[PDB]
Every structure is written in structure tokens, then in C-alpha cells.
Amino acid sequence: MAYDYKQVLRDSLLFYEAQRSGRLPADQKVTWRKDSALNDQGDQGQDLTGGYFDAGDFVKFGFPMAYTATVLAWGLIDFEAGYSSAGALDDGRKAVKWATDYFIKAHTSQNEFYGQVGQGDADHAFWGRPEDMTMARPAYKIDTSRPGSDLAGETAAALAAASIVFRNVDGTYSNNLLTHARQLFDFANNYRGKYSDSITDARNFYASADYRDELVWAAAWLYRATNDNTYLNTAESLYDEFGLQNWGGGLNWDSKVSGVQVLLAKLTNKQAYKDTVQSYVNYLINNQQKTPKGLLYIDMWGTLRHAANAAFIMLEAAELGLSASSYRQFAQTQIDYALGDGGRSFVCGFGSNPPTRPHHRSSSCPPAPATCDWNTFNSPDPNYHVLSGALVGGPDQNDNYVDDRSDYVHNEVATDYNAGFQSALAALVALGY
């Protein structure tokens, strides 16, 4: 016990630095990572460099990247004190800006948005350092003829949330973020469709579920960032039209009904939203399947990510005044399980017997000029570089786990895995835990 949440927060930020694509800054802290994907570009040659590599691969998947940005910004807004107490406010802002600077580039025209750079197969067929890639990296976009309400909506939400983050420190950037956010929401709302039906390569990696929750999510964030009642009216009208109160609860890259609900509860103070949030949280605490050691077991994919996402929803619910003490305590047990209460740490580079072989290319590689290829992937040795801060998939339903690089279910790491987790850490620090 007695975990240093401030340091885990800093570690999580190091994980995001390790996921950076493009030209790295002079003050980069994860120095084993080098400049890469410097030729990423749109169909007309527009600069698309930057952004985050999705997981252990080098594809830039826009949907989970936008989701990641929104959740990180969300925590920065509600639990800014946590970042400040950890002396990580500047880095926290940088983590959000690394994503939004890219979204701005990807927004090539008012109703055009690039949602992917790199093809799943060509990218995944390669195992090595990103700076060593030599395969073509196609860029895919959504537009008026091939829409993507979910992708455009989540990106609009991320931009709107980011505009709040930078409202005082960088007003000019804040204004720019908001302009793009408004345009992307209009695009998402005026041209309805699932982005993975347009960017078909994404259908087998980050498939669209039901884009409707994204429209409400984006509208709610825009209202928060502008105080423009039109967005609130749209958010609530669509919420009722789509009947979100009946949707399965939760917070994830593809479905965030609980996020929408706890957000609207705060923005409107309406009891109805609070009822839905309490019902969901109470269900998780009292009935959702758990491992014998106490970890919420929501699904086999990104198991810890699901528990940490739930923990963040609980922390947000506590802020509404809903069973604050019990909700915060339960959220802490989930984060604490990830940190080691179950017997070992599931955060790379942290705690007792952490995973040392995450399914991650860049960290597995030795420094150049030594070759990094599939033989490196096949190495019995731990990943050459410690991937500080990365939350892995985790143990199975019975708390069983084996550190294996080829086991993507349990050793997968991803930008969306650390989002809820990092924001929850900021909340725990803000609460003085």
C-alpha cells in the first residue's frame, strides 16, 4: 500500500511521451524515442506529422486518439490541482496539446477530417523502431460523401475540452481550438454516418458502434466551452431523441454513455442524469463481476483499462455529491489493484514485479545501429527499454497473469488504456490520497 500517486501520474505522462509520433521536442524526457513518421501527409500532401501512435504499433487511429485527448483534458479541467500538486501541470497540458495540434492538421477543410495515418496491415507486419519504417503510410479521411459523426464528434469534444484547458494560459490557441471544434461538430451533426464505414481499414481495429452518443458528447463539451445555450439544447434534445438513458452504461473509446450522463449532470444540475449515474455506479460496486481479489472484470480486452475508466466515472460522480466517500474509496481500490494490491504491479516501470514485456515495438528495441526486427519481438528477454507508466491489459477473471510479449490480450498497452487511468490518478492526488 501507500502508493505515490503523484509519481504514477508523472509515469503515465512518460508513457504518453513514449507514444509520440513526429518530430520530438528538445525537452523530451523519454529520450530513447526518436523522430519518426516525418512524412505523414494527406492526399494533397498536407502535413499530418505529430499526434500519438495508438498502441504497440505505429498507426495513428483518430477515434481512440481523440477519445484519449478528451479524457485527459477532462481530468486536467476537473482535477487540475492534482496535476499541480504533482508538479505536472505543464506536462499535462503538453500531453493534450500533442494530440490537438495534430487534430488541427487533420482538419484539412471545414467538412474534411483525416482519421488515420498508416494502414493496419502494412504497419503491423513490421516490428522495429518507428524511425526505421520504410513502408507506405496511407492517410484516410472522412468528408461530406463519406461521413464519420463519431470520429468528428469525439474530435470536436477533445478540441472543446482542450480549449477550456488553455483558456487562460494560451488564449490564442484556445480560440483556435474552439473554432475547429465548432466546425467539426457541425460536420458530424450535418453529415451522419459511422466513420468506419468510410475509413474501412478501421472497421477491424476500432469499429464504430453507435455514433449517436458522440453527437451528445460533443454538444455537451461545446456548451461547456462556450456557454452557448444552443449546444446544451442540442445535447439534451439528442439525448432524449436517442434515448441514451436506456443505453448500457460505461466510459470507453466507443461508448461513453456514463461520461455523457455525468457531464450533463454537472452542466445542468438535473436530477435525472444523476439518477442514471448512481444506478450505474451502484451496480458496478454491488453486482458487476469481479475477480476474487476485487478487480472489476468488465471484459477480457483491456481489463484494467475498463476498471480504471469505471474508477474515473466514480470519481466524477463523487464530485456531484453522490456517495462521495464510498465512490472515491471504491475507485481507489481499482487504481490500487493496478498498482499492486493484487500481488504485483500492472503498470510498466512501477512497483512490484511489473510487466517487463509489453506488446510494444519501440520499447522492445535496442538502440540503433543494432537491428530491431521480428527476432527482437521473439526475444525471451524483457523489453530493452522500460515503458514507464504503461497500463497493460492485465490479469484474467481469476487474477492469473504471465508476462508475455506475444500475449496481446494481457500485455497490450495503448493510449486509450492510460486515459481514464491518468485522469483518475490526478483526481486521487487532488483529493490528498
# chains A, B, ... in the order shown; residues from 1 in each chain; ligands from 1

call {"tool": "residues_around", "arguments": {"residues": "residue 92 (chain A)", "least_positions_apart": "5", "cutoff": "10 Å", "atoms": "only C-alpha atoms", "output": "ChimeraX atom specification"}}
result
/A:9-10,12-13,16,72-73,75-76,80,83-84,87,97,165,422,426

call {"tool": "write_last_selection", "arguments": {"atoms": "N, CA and C atoms", "output": "mmCIF file, in the first residue's frame"}}
result
data_model
loop_
_atom_site.group_PDB
_atom_site.id
_atom_site.type_symbol
_atom_site.label_atom_id
_atom_site.label_comp_id
_atom_site.auth_asym_id
_atom_site.auth_seq_id
_atom_site.Cartn_x
_atom_site.Cartn_y
_atom_site.Cartn_z
ATOM 1 N N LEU A 9 1.329 9.363 -11.707
ATOM 2 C CA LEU A 9 0.798 10.338 -12.663
ATOM 3 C C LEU A 9 1.929 10.784 -13.591
ATOM 4 N N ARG A 10 3.084 11.100 -13.012
ATOM 5 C CA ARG A 10 4.232 11.510 -13.812
ATOM 6 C C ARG A 10 4.646 10.364 -14.733
ATOM 7 N N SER A 12 2.692 8.044 -15.986
ATOM 8 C CA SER A 12 1.716 7.944 -17.067
ATOM 9 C C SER A 12 2.041 8.969 -18.155
ATOM 10 N N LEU A 13 2.486 10.153 -17.747
ATOM 11 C CA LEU A 13 2.849 11.170 -18.720
ATOM 12 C C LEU A 13 4.069 10.711 -19.516
ATOM 13 N N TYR A 16 2.850 8.582 -22.327
ATOM 14 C CA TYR A 16 2.389 9.344 -23.478
ATOM 15 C C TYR A 16 3.564 9.918 -24.272
ATOM 16 N N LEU A 72 -8.150 13.001 -21.161
ATOM 17 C CA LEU A 72 -7.010 13.620 -20.498
ATOM 18 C C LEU A 72 -7.344 15.078 -20.177
ATOM 19 N N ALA A 73 -7.948 15.784 -21.130
ATOM 20 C CA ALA A 73 -8.313 17.184 -20.911
ATOM 21 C C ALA A 73 -9.361 17.287 -19.803
ATOM 22 N N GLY A 75 -9.804 15.387 -17.194
ATOM 23 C CA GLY A 75 -9.181 15.269 -15.889
ATOM 24 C C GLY A 75 -8.377 16.507 -15.532
ATOM 25 N N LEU A 76 -7.770 17.125 -16.541
ATOM 26 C CA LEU A 76 -6.975 18.334 -16.346
ATOM 27 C C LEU A 76 -7.857 19.493 -15.899
ATOM 28 N N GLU A 80 -7.288 19.705 -11.897
ATOM 29 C CA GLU A 80 -6.076 20.449 -12.204
ATOM 30 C C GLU A 80 -5.149 20.486 -10.991
ATOM 31 N N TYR A 83 -2.654 17.684 -10.865
ATOM 32 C CA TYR A 83 -1.500 17.873 -11.731
ATOM 33 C C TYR A 83 -0.538 18.870 -11.093
ATOM 34 N N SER A 84 -1.075 19.966 -10.564
ATOM 35 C CA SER A 84 -0.234 20.979 -9.936
ATOM 36 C C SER A 84 0.514 20.436 -8.725
ATOM 37 N N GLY A 87 3.419 18.625 -9.669
ATOM 38 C CA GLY A 87 4.369 19.399 -10.450
ATOM 39 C C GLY A 87 4.337 18.950 -11.897
ATOM 40 N N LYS A 97 -2.033 18.955 -25.773
ATOM 41 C CA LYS A 97 -1.676 19.709 -26.967
ATOM 42 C C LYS A 97 -1.016 18.857 -28.046
ATOM 43 N N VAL A 165 -8.963 23.958 -21.216
ATOM 44 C CA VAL A 165 -7.667 23.774 -20.580
ATOM 45 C C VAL A 165 -6.735 24.963 -20.820
ATOM 46 N N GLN A 422 -5.006 7.809 -16.018
ATOM 47 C CA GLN A 422 -4.275 9.024 -15.683
ATOM 48 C C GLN A 422 -5.166 10.081 -15.042
ATOM 49 N N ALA A 426 -4.947 11.807 -11.227
ATOM 50 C CA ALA A 426 -4.979 13.237 -10.946
ATOM 51 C C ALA A 426 -6.034 13.521 -9.879
#

call {"tool": "select_by_dssp", "arguments": {"residues": "region 28-101 of chain A", "states": "strand (DSSP E or B)", "output": "list in words"}}
result
residues 36, 41, 47, 52, 60 and 61 of chain A

call {"tool": "residues_around", "arguments": {"residues": "region 38-40 of chain A", "least_positions_apart": "4", "cutoff": "12 Å", "atoms": "only C-alpha atoms", "output": "ChimeraX atom specification"}}
result
/A:20-24,34,44-51,53,58-60,102,105-106,114,116-119,130-140

call {"tool": "closest_residue", "arguments": {"among": "A:113, A:301, A:330, A:253", "to": "residue 286 (chain A)", "atoms": "only C-alpha atoms"}}
result
A:330

call {"tool": "closest_residue", "arguments": {"among": "A:64, A:325, A:122, A:164", "to": "residue 93 (chain A)", "atoms": "only C-alpha atoms"}}
result
A:164

call {"tool": "closest_residue", "arguments": {"among": "A:41, A:323, A:356, A:100", "to": "residue 68 (chain A)", "atoms": "only C-alpha atoms"}}
result
A:100

call {"tool": "closest_atom_pairs", "arguments": {"of": "region 341-397 of chain A", "to": "region 304-310 of chain A", "cutoff": "10 Å", "atoms": "only C-alpha atoms", "output": "CSV"}}
result
residue,atom,partner,partner_atom,distance
A:346,CA,A:304,CA,8.4
A:347,CA,A:304,CA,9.9
A:391,CA,A:304,CA,7.4
A:392,CA,A:304,CA,7.1
A:393,CA,A:304,CA,5.7
A:394,CA,A:304,CA,5.6
A:395,CA,A:304,CA,8.1
A:396,CA,A:304,CA,9.9

call {"tool": "write_last_selection", "arguments": {"atoms": "C-alpha atoms", "output": "compact mmCIF listing (two decimals), in the first residue's frame"}}
result
# COMPACT_ATOMS: atom_id res chain seq x y z
CA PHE A 346 0.39 -3.96 -13.79
CA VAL A 347 1.97 -0.61 -14.62
CA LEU A 391 -1.07 0.19 -18.01
CA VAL A 392 -1.28 -3.29 -19.55
CA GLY A 393 -4.39 -5.31 -20.37
CA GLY A 394 -4.00 -7.13 -17.08
CA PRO A 395 -4.91 -10.45 -15.42
CA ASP A 396 -7.74 -12.80 -16.28

call {"tool": "select_by_dssp", "arguments": {"residues": "region 300-364 of chain A", "states": "helix (DSSP H, G or I)", "output": "MDAnalysis selection string"}}
result
chainID A and resid 303:319 324:341 361:364

call {"tool": "write_last_selection", "arguments": {"atoms": "N, CA, C and O atoms", "output": "compact mmCIF listing (two decimals), in the first residue's frame"}}
result
# COMPACT_ATOMS: atom_id res chain seq x y z
N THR A 303 -8.74 -5.15 -19.78
CA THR A 303 -9.41 -5.34 -18.50
C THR A 303 -9.12 -4.24 -17.48
O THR A 303 -10.05 -3.68 -16.89
N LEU A 304 -7.85 -3.92 -17.26
CA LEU A 304 -7.53 -2.88 -16.29
C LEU A 304 -8.05 -1.52 -16.76
O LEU A 304 -8.49 -0.71 -15.95
N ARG A 305 -8.00 -1.28 -18.06
CA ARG A 305 -8.49 -0.04 -18.64
C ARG A 305 -9.97 0.13 -18.29
O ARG A 305 -10.42 1.23 -17.96
N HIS A 306 -10.74 -0.95 -18.37
CA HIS A 306 -12.16 -0.86 -18.04
C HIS A 306 -12.36 -0.53 -16.57
O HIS A 306 -13.23 0.27 -16.22
N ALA A 307 -11.56 -1.14 -15.70
CA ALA A 307 -11.68 -0.89 -14.26
C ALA A 307 -11.27 0.55 -13.93
O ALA A 307 -11.89 1.21 -13.10
N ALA A 308 -10.22 1.04 -14.58
CA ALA A 308 -9.76 2.40 -14.34
C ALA A 308 -10.76 3.42 -14.90
O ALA A 308 -10.97 4.48 -14.32
N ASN A 309 -11.38 3.10 -16.04
CA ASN A 309 -12.37 4.00 -16.62
C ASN A 309 -13.56 4.10 -15.68
O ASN A 309 -14.11 5.19 -15.47
N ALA A 310 -13.96 2.97 -15.11
CA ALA A 310 -15.07 2.95 -14.17
C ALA A 310 -14.68 3.77 -12.95
O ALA A 310 -15.49 4.53 -12.41
N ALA A 311 -13.43 3.63 -12.51
CA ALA A 311 -12.95 4.38 -11.35
C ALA A 311 -13.08 5.88 -11.61
O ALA A 311 -13.47 6.63 -10.72
N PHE A 312 -12.75 6.31 -12.82
CA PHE A 312 -12.86 7.73 -13.12
C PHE A 312 -14.31 8.20 -13.10
O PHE A 312 -14.60 9.30 -12.63
N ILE A 313 -15.22 7.39 -13.63
CA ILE A 313 -16.63 7.76 -13.61
C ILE A 313 -17.07 7.90 -12.16
O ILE A 313 -17.84 8.81 -11.82
N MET A 314 -16.58 7.02 -11.30
CA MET A 314 -16.94 7.07 -9.88
C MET A 314 -16.41 8.35 -9.23
O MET A 314 -17.10 8.97 -8.42
N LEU A 315 -15.19 8.74 -9.59
CA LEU A 315 -14.59 9.95 -9.04
C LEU A 315 -15.36 11.18 -9.52
O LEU A 315 -15.53 12.14 -8.77
N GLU A 316 -15.83 11.14 -10.77
CA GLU A 316 -16.60 12.26 -11.31
C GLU A 316 -17.96 12.31 -10.63
O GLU A 316 -18.49 13.39 -10.36
N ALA A 317 -18.52 11.14 -10.34
CA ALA A 317 -19.81 11.06 -9.68
C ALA A 317 -19.71 11.62 -8.26
O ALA A 317 -20.61 12.31 -7.79
N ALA A 318 -18.60 11.31 -7.59
CA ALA A 318 -18.39 11.80 -6.23
C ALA A 318 -18.39 13.32 -6.20
O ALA A 318 -18.86 13.93 -5.23
N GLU A 319 -17.88 13.94 -7.26
CA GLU A 319 -17.84 15.40 -7.34
C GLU A 319 -19.25 15.99 -7.41
O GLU A 319 -19.46 17.15 -7.07
N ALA A 324 -19.99 10.39 -2.16
CA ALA A 324 -18.60 10.78 -2.34
C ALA A 324 -17.56 9.88 -1.68
O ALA A 324 -16.64 9.41 -2.35
N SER A 325 -17.68 9.65 -0.38
CA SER A 325 -16.72 8.83 0.33
C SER A 325 -16.61 7.40 -0.19
O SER A 325 -15.51 6.91 -0.46
N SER A 326 -17.75 6.72 -0.33
CA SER A 326 -17.75 5.35 -0.80
C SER A 326 -17.31 5.22 -2.26
O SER A 326 -16.59 4.29 -2.62
N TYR A 327 -17.75 6.15 -3.10
CA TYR A 327 -17.38 6.12 -4.51
C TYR A 327 -15.89 6.36 -4.70
O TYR A 327 -15.23 5.67 -5.49
N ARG A 328 -15.34 7.32 -3.97
CA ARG A 328 -13.92 7.63 -4.05
C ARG A 328 -13.10 6.45 -3.53
O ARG A 328 -12.06 6.11 -4.10
N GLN A 329 -13.56 5.84 -2.44
CA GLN A 329 -12.86 4.70 -1.87
C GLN A 329 -12.84 3.54 -2.85
O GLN A 329 -11.80 2.91 -3.06
N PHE A 330 -13.99 3.24 -3.46
CA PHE A 330 -14.04 2.13 -4.40
C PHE A 330 -13.15 2.41 -5.60
O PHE A 330 -12.44 1.52 -6.07
N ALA A 331 -13.20 3.63 -6.11
CA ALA A 331 -12.37 4.00 -7.25
C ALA A 331 -10.91 3.74 -6.90
O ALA A 331 -10.15 3.22 -7.71
N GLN A 332 -10.52 4.11 -5.68
CA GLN A 332 -9.15 3.91 -5.24
C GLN A 332 -8.76 2.43 -5.21
O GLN A 332 -7.61 2.09 -5.52
N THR A 333 -9.68 1.55 -4.84
CA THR A 333 -9.34 0.13 -4.81
C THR A 333 -9.00 -0.39 -6.20
O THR A 333 -8.16 -1.27 -6.35
N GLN A 334 -9.66 0.15 -7.22
CA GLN A 334 -9.41 -0.29 -8.58
C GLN A 334 -8.05 0.20 -9.06
O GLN A 334 -7.28 -0.56 -9.65
N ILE A 335 -7.74 1.47 -8.80
CA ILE A 335 -6.45 2.01 -9.19
C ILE A 335 -5.37 1.27 -8.39
O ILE A 335 -4.34 0.88 -8.94
N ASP A 336 -5.62 1.05 -7.10
CA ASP A 336 -4.65 0.35 -6.27
C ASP A 336 -4.41 -1.09 -6.73
O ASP A 336 -3.32 -1.62 -6.53
N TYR A 337 -5.42 -1.72 -7.32
CA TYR A 337 -5.22 -3.07 -7.81
C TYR A 337 -4.20 -2.99 -8.94
O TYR A 337 -3.26 -3.77 -9.00
N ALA A 338 -4.39 -2.02 -9.84
CA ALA A 338 -3.47 -1.86 -10.96
C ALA A 338 -2.06 -1.57 -10.49
O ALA A 338 -1.08 -1.97 -11.13
N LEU A 339 -1.94 -0.87 -9.37
CA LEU A 339 -0.63 -0.51 -8.83
C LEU A 339 0.06 -1.62 -8.05
O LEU A 339 1.25 -1.53 -7.76
N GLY A 340 -0.69 -2.67 -7.68
CA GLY A 340 -0.06 -3.76 -6.95
C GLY A 340 -0.81 -4.47 -5.84
O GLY A 340 -0.32 -5.48 -5.34
N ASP A 341 -1.99 -3.99 -5.46
CA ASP A 341 -2.72 -4.65 -4.37
C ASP A 341 -3.13 -6.09 -4.65
O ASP A 341 -3.48 -6.83 -3.72
N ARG A 361 6.39 -2.24 -29.75
CA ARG A 361 7.57 -2.20 -30.60
C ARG A 361 8.71 -1.29 -30.19
O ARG A 361 9.83 -1.76 -29.98
N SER A 362 8.46 0.01 -30.07
CA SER A 362 9.55 0.92 -29.75
C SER A 362 10.31 0.61 -28.47
O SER A 362 11.53 0.72 -28.44
N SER A 363 9.61 0.21 -27.42
CA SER A 363 10.30 -0.10 -26.17
C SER A 363 11.07 -1.42 -26.22
O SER A 363 12.00 -1.63 -25.45
N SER A 364 10.69 -2.31 -27.13
CA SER A 364 11.37 -3.60 -27.24
C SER A 364 12.73 -3.48 -27.93
O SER A 364 13.60 -4.34 -27.76

call {"tool": "closest_residue", "arguments": {"among": "A:372, A:277, A:263, A:272", "to": "residue 217 (chain A)", "atoms": "only C-alpha atoms"}}
result
A:263

call {"tool": "residues_around", "arguments": {"residues": "residue 161 (chain A)", "least_positions_apart": "3", "cutoff": "8 Å", "atoms": "only C-alpha atoms", "output": "short mmCIF file (atom, residue, chain, number, x, y, z; two decimals) with C-alpha atoms, in the first residue's frame"}}
result
data_model
loop_
_atom_site.label_atom_id
_atom_site.label_comp_id
_atom_site.auth_asym_id
_atom_site.auth_seq_id
_atom_site.Cartn_x
_atom_site.Cartn_y
_atom_site.Cartn_z
CA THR A 70 -10.89 14.32 -24.39
CA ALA A 73 -8.31 17.18 -20.91
CA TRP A 74 -11.37 16.32 -18.81
CA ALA A 157 -15.18 17.15 -27.94
CA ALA A 158 -11.42 16.85 -27.48
CA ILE A 164 -11.05 25.10 -21.72
CA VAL A 165 -7.67 23.77 -20.58
CA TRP A 221 -18.48 19.74 -24.37
CA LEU A 222 -19.12 22.61 -26.76
CA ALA A 225 -16.55 25.56 -23.64
#

call {"tool": "closest_residue", "arguments": {"among": "A:15, A:242, A:187, A:166", "to": "residue 112 (chain A)", "atoms": "only C-alpha atoms"}}
result
A:187

call {"tool": "closest_residue", "arguments": {"among": "A:69, A:292, A:298, A:204", "to": "residue 423 (chain A)", "atoms": "only C-alpha atoms"}}
result
A:69
